[PDB]
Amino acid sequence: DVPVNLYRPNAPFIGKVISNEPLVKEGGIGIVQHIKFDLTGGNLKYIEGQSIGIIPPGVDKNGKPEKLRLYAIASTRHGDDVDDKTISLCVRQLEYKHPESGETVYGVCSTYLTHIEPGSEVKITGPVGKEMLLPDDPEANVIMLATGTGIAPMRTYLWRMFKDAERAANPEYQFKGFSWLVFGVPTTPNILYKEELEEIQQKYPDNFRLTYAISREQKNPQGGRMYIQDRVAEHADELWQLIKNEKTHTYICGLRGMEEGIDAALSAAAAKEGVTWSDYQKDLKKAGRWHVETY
């Protein structure tokens, strides 16, 4: 029974910030924060792959109240402390330029979130989303293709699969399939949750594969900067082979633009066996096994 819209924007849950910690290490590009919120005093429950809304304070340029922005939940259903009391987000401060009006422009909700102080009250809505749900089958294979904050739902899956405290809390979900995260960020300091992702791979080398595309540190075979599409091309046959399994699910998450390259790579692999990827993919989407969340 998937929880949905336990809180709506006309009457959101007022949560309290517990912590706000930086995920981008020194020498990284930009600001991405792990923000944990207290859910006690309300009934907001959620599952892995879902999102919540945050309503920032203030009015827009037209004097109208700011509307919610959606953020993929970055914590498992139990929260980071496995106490069912919290929810966490993985929020990048949006910044861009020109041509324009002024200089650097800062996104309203993301700046609010990335600078929020512990103790602050936050308007939270949701949860929402049924497109990024993890299968209950402990034998499923799970391919995770993420860039930047697209890591968020992947963390919910991986923590539930691989954290000691999660395994203890979830007797009915003892993961024994194969998971493969291909994660594209510009620098090593930008590898969000690097230490924990690497701890998982070290502990579960037969159940979790971790592949990085680090654009400022790595070049693809054509001499271009390395992106997630390049790693998918590099492993296209293996990925296609995994995708052919009736129990394999694929998840794609992050800023828009990565899908075309991923499709081209898998299209070339499937074509070798006389399969039209775009058609096979349509069928996968219909079966709930091809999960995309780009923004």
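Residue numbers here begin at 1 and follow the sequence given.
In this entry, 171-179 has the higher mean Cα B-factor, the comparison being between 171-179 and 78-86. Just going by the entry, 150-158 versus 107-115 on mean CA temperature factor gives the higher value to 107-115.
When the C-alpha B factors of 56, 261, 30, 53 are read from the deposited coordinates, the top value falls at 261. Per the deposited coordinates, the residue with the largest Cα temperature factor out of 166, 196, 217, 139 is 139. Annotation for residue 38: C-alpha temperature factor in the middle third relative to the rest of the modelled chain, per the entry. Among the modelled residues of the chain, residue 66 sits in the highest third by CA temperature factor in this PDB entry. Among the modelled residues of the chain, residue 224 sits in the highest third by CA temperature factor in this PDB entry. Ranked within its chain, residue 275 lands in the highest third, by CA B factor from the PDB record. Sort the modelled residues of the chain by CA B factor and residue 129 lands in the middle third.
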